[PDB]
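4 protein chains.
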Amino acid sequence: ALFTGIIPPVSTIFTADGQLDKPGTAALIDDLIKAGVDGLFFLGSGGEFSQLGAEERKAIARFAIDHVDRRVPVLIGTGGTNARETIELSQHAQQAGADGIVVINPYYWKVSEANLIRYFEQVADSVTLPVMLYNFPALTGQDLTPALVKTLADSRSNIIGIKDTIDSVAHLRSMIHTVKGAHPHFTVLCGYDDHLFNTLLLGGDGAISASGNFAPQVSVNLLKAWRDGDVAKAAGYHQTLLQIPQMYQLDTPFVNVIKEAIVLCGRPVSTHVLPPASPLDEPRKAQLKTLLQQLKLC
Amino acid sequence: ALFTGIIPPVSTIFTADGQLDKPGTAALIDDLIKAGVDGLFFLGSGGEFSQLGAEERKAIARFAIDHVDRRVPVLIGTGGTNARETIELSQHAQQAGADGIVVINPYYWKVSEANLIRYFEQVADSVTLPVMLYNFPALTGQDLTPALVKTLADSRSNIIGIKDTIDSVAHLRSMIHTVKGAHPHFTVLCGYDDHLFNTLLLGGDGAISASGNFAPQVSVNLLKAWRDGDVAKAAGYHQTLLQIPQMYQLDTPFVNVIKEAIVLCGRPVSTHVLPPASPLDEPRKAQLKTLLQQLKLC
Amino acid sequence: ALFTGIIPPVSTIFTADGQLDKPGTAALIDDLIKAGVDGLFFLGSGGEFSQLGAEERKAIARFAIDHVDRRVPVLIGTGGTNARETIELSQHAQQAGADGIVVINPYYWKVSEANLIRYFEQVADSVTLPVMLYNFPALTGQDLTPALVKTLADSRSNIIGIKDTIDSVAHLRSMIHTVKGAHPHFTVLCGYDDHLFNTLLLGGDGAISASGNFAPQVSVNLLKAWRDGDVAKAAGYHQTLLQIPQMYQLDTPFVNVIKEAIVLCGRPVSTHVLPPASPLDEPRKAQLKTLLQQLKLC
Amino acid sequence: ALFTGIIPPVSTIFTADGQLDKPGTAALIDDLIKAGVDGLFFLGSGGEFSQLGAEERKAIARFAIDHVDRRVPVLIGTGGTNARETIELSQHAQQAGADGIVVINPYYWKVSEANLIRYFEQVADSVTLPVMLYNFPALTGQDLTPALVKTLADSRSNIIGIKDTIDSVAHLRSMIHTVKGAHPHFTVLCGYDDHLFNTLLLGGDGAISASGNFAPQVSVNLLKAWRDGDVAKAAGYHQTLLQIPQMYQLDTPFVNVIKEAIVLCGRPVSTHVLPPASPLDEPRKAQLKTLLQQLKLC
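Chains as they are written, first to last, in full-length UniProt numbering: chain A, 5 to 302; chain B, 5 to 302; chain C, 5 to 302; chain D, 5 to 302.
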């Protein structure tokens, strides 16, 4: 099973003029690796892929892969609506040394099932890298159903997992039973912090979730506890994880909130975010702080 | 009132290797102008803006505007999820000679109302061109409500209309009452063929709809009949427009169907569409042809 | 084709203690018959079926059929969630002299397709009367799709029409092509005022819509004009019908709005509605009046 | 805090002619009480309220309250669309000796917020019994949001809890923060088996869930372990609860499944269900059996 465990969707740190902030992104990467994460995911939703141009995304990916320098597995999010660009970004990720790509379904047009299968097959065929699918139906408007994901894993042996970002036990349970039932080493990762624990108990493989940026230790230690068979300890971590997503209501998009939390939790990076997101206002920053303090995270 | 009447969302004609087909796109543009349309809208949904890169979009807009050569007003669709790219595409449109830009709401993240207002304001402030809003909630997952549109038209004097793409009489009626009630010259255009007649009877201003590519005469003659007070004639065109959208069920996306209909209706252009769309298969092309024959369109 | 033309969903007039108001309901029935409607529909949504007990519904239907005294065809809405009660109400309708029953899908549980087909087949088999389906997905949360309605019409020869209450030209168009294409005399009636014209132009059969209560002459004259081939005149009535549904935004449920409009349009019936609906407040009644005045309806 | 802990939504056992099976319903009640449940809830969605007439529901409720004979607190489901009937059923519950009522929002019309509050205020005013609200937005089409529920708890001192049936950690979390934050003893209960453990860890109070019928011991022992501070033991029960809901996919409605499971788990009751539900077929009964065997439940 590839890409299991705790794999943060790393925030992309930008300077005040919206350029890649290399020292801050580097320091964040180093923080997370030192926290004991099982891999790093660049250019996910939290990484602001959808607010970035293709050349910017290539620059960020190359920078990130190079800085990680093989210390942990690296995933690059290469998806979007422009399928020709997805191939280009995916081939580029492979050339630059990524260990895998994560590919959402096209989220403007909700393409017919035949076009959607064809799309993922074509992307998968464009690289020799492992491909993780990315389901986020609240944003895409089109669910990657367990049956379809199983069909995609039957069709291409390099389609080897899914980040399933959805507040639904049922969807995770059914993703696991359907796809892992036919493909035992297919990887199932939840995209929300407060689903990590259930995803493990259900027989899935970990999480790619926002709190990996600012409190990776909670997920890392939950996974470690769980793997040690200390379920009670794991449940204790889960109890923090259950509360964390309160903070994501502070704004939409909440990429600003995540970066503000990285600062409050002890890593001073620029919190600039790209339009149409915007800076978090002071009242909400203090709110975020009180939440982090209540959870003993800063 | 700016940009009223029948303004097709012009198909972008591509060669087999996916490049701008300049002779074919020119020929289509000339066809529509000589059919009597009131304006031309490039790089809408039907123009495949979301499957194109930014440089590609710039080249297509420049070519298109240049070929129209001021014979009719030209709109350029500049929207996306990358707000910095929206500004750059909009400023480019303006420098390239466009008459207006058409801006959809960001369709990945459904940004908070505050961010959404700020986004459109920023875009409007980046140009001195008129700005048309674009509502397509089936695709975007976020409705531009009549109240929100009113608030945008109240905030910025260059936000002067909307393409409201929705199968909903209520939405069109409410957009008209709420926005045109406060701003008599704000332009309301429907984005669907079969809502043109109702839009006119409701006090709105016309349509930007797919059949403008392959049967502009139906909409052009409907509008003329309407303005002439020949309601019965208008209704007869309406009856054809009511039936046309059957064909869009043949695939999703249906940009392929639109281009196949351009060919069937007398204009031999390449029908290549960009991934993740795909060629219409021969059985469905034959269906399409039967429909178009039944409607007396070819 | 059975039950075509203009068939109002008649308001049930109650006294202040919530009992059936026989003189008010009789006077309303007689007004509608005198206006030239083609049938009358009791205990639809606008008749408050879902706020009434079964014995009250039986009393209402009995009274209504008896007062109509075969002057026009009579439909009784017999639907709900309690399927045994639907059979009872539908058998009672038949015994009481109704010309047909209107049956919505169960709207609590959204029952599986097999359960749904079996439900309708069992209801249809409990009576020898014609059965009109009723689709109101905004309220039911489960659409009767054209394919499913075709399947029901293919299964039972007494399932002979549908009231399709949905603000969607596509749904109406497709209901007509799919069902009427297989069953030319299957009846298609829209449930919204502003879709009657389009329904007629699309090849469907008329409307069962709230304004039949207070302005039946609009729909009646529209249908007559249409049948006479005077399309311009029909479109002129359509223009009024396009504007009427503004008033339904005044409250939810808007049964109160409809009875307040019957009064304002010149028939003084009691406007009591059953909980959880409530009386329309005076400022909104005055807005209603202004509306009706602007439309030349009172 | 009232009605905390494990409170099954009890199946109503019917004979083959669809009458109340008193010996079977009595035996099931006695099994649940013996299993250590903290209360019993009759005529919830699982008790088939929506397929029963009012007099039927009165007779069931009276039978049930009588048979419980005050051994544990008894809740009666008195909701529906007929608001006058809700008051009648609720006053009847009170007279018959119930300890509280559980009241869903009206689920045909989605009544305005003003009408909704008024509805719940009027039912709460009709009885001196504690009222539990019942949120089931997948069926009702109208969410009882934490803000609204807080407004209801501020308005009436006998509105003292909620059954929150939704597959959503966020909703449960926010219900708890918002309502219990203002009303510490307001009761929050989840309606799904696989949310019990999270509900407890979030600060809620228990569950009313389907598996309380055929495996009450899992929930009872999870609650006991949690209250004992034996989190690891609670998590082990949770793991069973995570898997149980697979069986509810077997049919819709799945009231048949729950009753088949009561049989398989050792209590021979008639499994008859009311239309429009229908008997579970043998293949699916066997599937249920294999699931229950895998979970060590039969």
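Where a beta carbon is used, it is the ideal one built from N, C-alpha and C, also for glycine.
Got a sec: is the Cβ-Cβ distance from residue i to anything in chain B below 8 angstroms?
i: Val235/C; result: yes
i: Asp171/C; result: yes
i: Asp198/C; result: yes
i: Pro220/A; result: no
i: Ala239/C; result: yes
Taking the beta carbon of residue i as the centre, do at least 16 other beta carbons fall within 10 Å, making it buried, or is it exposed?
i: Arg74/D; result: exposed
i: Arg177/C; result: buried
i: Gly48/B; result: buried
i: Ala128/C; result: buried
i: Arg231/A; result: exposed
i: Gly145/D; result: buried
i: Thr19/C; result: exposed
i: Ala87/A; result: buried
i: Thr294/B; result: exposed
i: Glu264/A; result: buried
i: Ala65/C; result: buried
i: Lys114/C; result: buried
i: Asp21/A; result: exposed
i: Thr132/B; result: exposed
i: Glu60/C; result: buried
i: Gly233/D; result: exposed
i: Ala281/C; result: buried
i: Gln247/A; result: buried
i: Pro249/D; result: buried
Spatial neighbours of residue i within its chain, please: C-beta separation below 8 angstroms, excluding the five flanking residues on both sides.
i: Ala157/B; result: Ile163, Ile164, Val183, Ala186, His187, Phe190
i: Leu32/C; result: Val14, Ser15, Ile17, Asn217, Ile266, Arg271, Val273
i: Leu44/B; result: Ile11, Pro12, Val14, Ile33, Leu36, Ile37, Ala68, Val72, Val76, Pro77, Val78, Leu79
At the 8 angstroms Cβ level, is residue i part of the contact set with chain A, yes or no?
i: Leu206/D; result: yes
i: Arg122/B; result: yes
Only counting the same chain, and skipping five residues up and downstream in sequence, which positions put a Cβ closer than 6 angstroms to that of residue i?
i: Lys228/B; result: none
i: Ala30/B; result: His71
i: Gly81/C; result: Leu47, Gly48, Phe53, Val106
i: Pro279/C; result: none
i: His96/A; result: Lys62
Nearest chain C C-beta to residue i closer than 8 angstroms, yes or no?
i: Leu246/B; result: yes
i: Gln146/B; result: no
i: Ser15/D; result: no
i: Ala174/B; result: yes
i: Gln126/D; result: yes
Distance cutoff 8 angstroms, beta carbons only. Does residue i sit that close to anything in chain D?
i: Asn119/C; result: yes
Grab me the residues of residue i's own chain with a C-beta within less than 7 angstroms of its C-beta, minus the 5 sequence neighbours each way, in chain order.
i: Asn109/D; result: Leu120, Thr144, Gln146, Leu148
i: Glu125/B; result: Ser159, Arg160
i: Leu254/D; result: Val261, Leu284, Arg288, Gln291, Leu292
i: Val222/B; result: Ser215, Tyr241, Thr244, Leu245
i: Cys269/C; result: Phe218, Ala219, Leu296, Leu301, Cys302
i: residue 4/B; result: The question about residue 4/B has no answer here: the residues shown for chain B are numbered 5 through 302.
Checklist line | Where the segment 78 to 89 of chain D meets chain C: residues whose CB sits under 7 angstroms from a CB there | finding: The segment 78 to 89 of chain D vs chain C, Cβ under 7 angstroms: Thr85, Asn86, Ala87, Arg88, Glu89.
Which residues of the segment 17 to 41 of chain B have a Cβ closer than 9 angstroms to any Cβ of chain A? Give them in chain order. Using a CB distance below 9 angstroms, the part of the segment 17 to 41 of chain B facing chain A consists of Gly22, ordered along the chain.
Check: Taking the runs of the beta strand (DSSP E) that are 3 residues or longer, which of them lie wholly in the segment 184 to 252 of chain A?
Finding: The qualifying runs are 191 to 194.
Next on the checklist: Can you pull out the residues from the segment 177 to 201 of chain D whose beta carbon lies closer than 9 angstroms to at least one beta carbon of chain A?
Outcome noted: Flagged, chain order: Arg177, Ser178, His181, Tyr196, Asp198, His199, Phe201.
What ranges does the alpha helix (DSSP H) occupy inside the segment 26 to 106 of chain B, keeping only unbroken runs of at least 4 residues that lie completely in it?
Listed in chain order, the alpha helix (DSSP H) elements of length 4 or more contained wholly in the segment 26 to 106 of chain B are 26 to 38, 58 to 72, 87 to 99.
Note down, in chain order, all residues in the segment 282 to 293 of chain B with a beta-carbon under 7 angstroms from any beta-carbon belonging to chain A. If the cut-off is 7 angstroms between Cβ atoms, the segment 282 to 293 of chain B has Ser282 near chain A.
* Asked: Which residue spans inside the segment 110 to 148 of chain D form an unbroken alpha helix (DSSP H) run of at least 4?
  -> Those alpha helix (DSSP H) runs which fall completely within the segment 110 to 148 of chain D and span 4+ residues are 117 to 130, 141 to 144.
Practice task
Output, in sequence order along the chain, the residues in the segment 254 to 268 of chain D whose CB is closer than 8 angstroms to any CB in chain C.
Solution key: Within the segment 254 to 268 of chain D, those residues whose Cβ lies closer than 8 angstroms to any Cβ of chain C are, in chain order, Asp255, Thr256, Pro257.
- Task: Residues of the segment 50 to 77 of chain B with a CB closer than 7 angstroms to any CB of chain A: list them in chain order, please.
- Result: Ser54, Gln55, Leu56, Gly57, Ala58: these are the residues of the segment 50 to 77 of chain B whose beta carbon lies less than 7 angstroms from some beta carbon of chain A, given in chain order.
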